[PDB]
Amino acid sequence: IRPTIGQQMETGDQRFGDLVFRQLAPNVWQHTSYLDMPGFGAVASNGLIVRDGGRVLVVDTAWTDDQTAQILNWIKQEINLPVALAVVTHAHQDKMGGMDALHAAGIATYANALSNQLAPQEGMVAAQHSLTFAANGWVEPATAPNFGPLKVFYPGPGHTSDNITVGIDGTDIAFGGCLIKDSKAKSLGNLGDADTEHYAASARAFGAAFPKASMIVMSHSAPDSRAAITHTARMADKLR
């Protein structure tokens, strides 16, 4: 698979069905799925799979229900542990397109309350549970029970008003979803639903919430250094 948008296949990538998986840490993998757009080619999107405490936690669906079912089948073959929950990082197809497949499999799903409120308007199925956030961006703990090492942070409006981010405690990894672009990116992607006034502050807030992380994982590029955060913020500075 050679995407028009998104990272290409490299050493360390395992093809499974129509998906690609890459191990990032002993208990963390990146899932990649592709949306084939007529006349344009494939768009890759990345999410995470985390093994913690005898279970698996998923960050983001694939673009489709079938692709998300294939993620669950890869988990069964390679990890063979129950998938306890999924957190999805905003109400757009690349992050929430496969909700029905998670629900059919009995997996509990979580999203920002605002993602769930926007979901139908965005063509998405809402998650079963809503996360809420303090004014400082951190998830209200009672809304995110039994999240293991996942640290869920709402950085403010940016790529969308509802975008959230996830760090993995005890690892070098933080996940910016579609908010963060890589350090060589030429644009901020689709700004159609974006908050151009607050984007730069939201990117910087993500960086400050996860100060230690050296591996920055994002929706449409390979994992990068913290230069992805700095570059995203500087690009966003130009929007205001």
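From 1 onward, residues are counted along the sequence shown. For clarity, a rigid core is taken as the largest C-alpha set superposing within 1.5 Å between two forms.
- Averaged over structures and residues, the CA distance from the shown form in 5 other deposited structures of this protein after a core fit is larger for 12 to 20, of the two stretches 223 to 231 and 12 to 20.
- Fitting each structure in 5 other deposited structures of this protein onto the rigid core and averaging C-alpha distances over structures and residues, 51 to 59 emerges as the more displaced of 51 to 59 and 65 to 73.
- At least a third of the other compared entries skip residue 40 while keeping the residues on either side.
- Judged by mean Cα B factor in the deposited record, 35 to 43 ranks above the other of 35 to 43 and 210 to 218.
- For the pair 219 to 227 and 12 to 20, the record assigns the higher mean C-alpha temperature factor to 12 to 20.
- Each of 155, 97, 141, 167 has a CA temperature factor in the record; the biggest one is found at 141.
- Among 72, 85, 135, 104, the highest C-alpha B-factor in the deposited entry belongs to 104.
- Among all modelled residues in its chain, residue 67 ranks in the middle third by Cα B-factor.
- Split the chain's modelled residues into thirds by C-alpha temperature factor. Residue 109 is in the lowest one.
- Ranked against the other modelled residues of its chain, the C-alpha B-factor of residue 89 as given in the entry falls in the lowest third.
- Ranked by C-alpha B-factor against the other modelled residues of its chain, residue 52 falls in the highest third.
- Looking at the C-alpha B-factors along this chain, the one for residue 185 belongs to the highest third.
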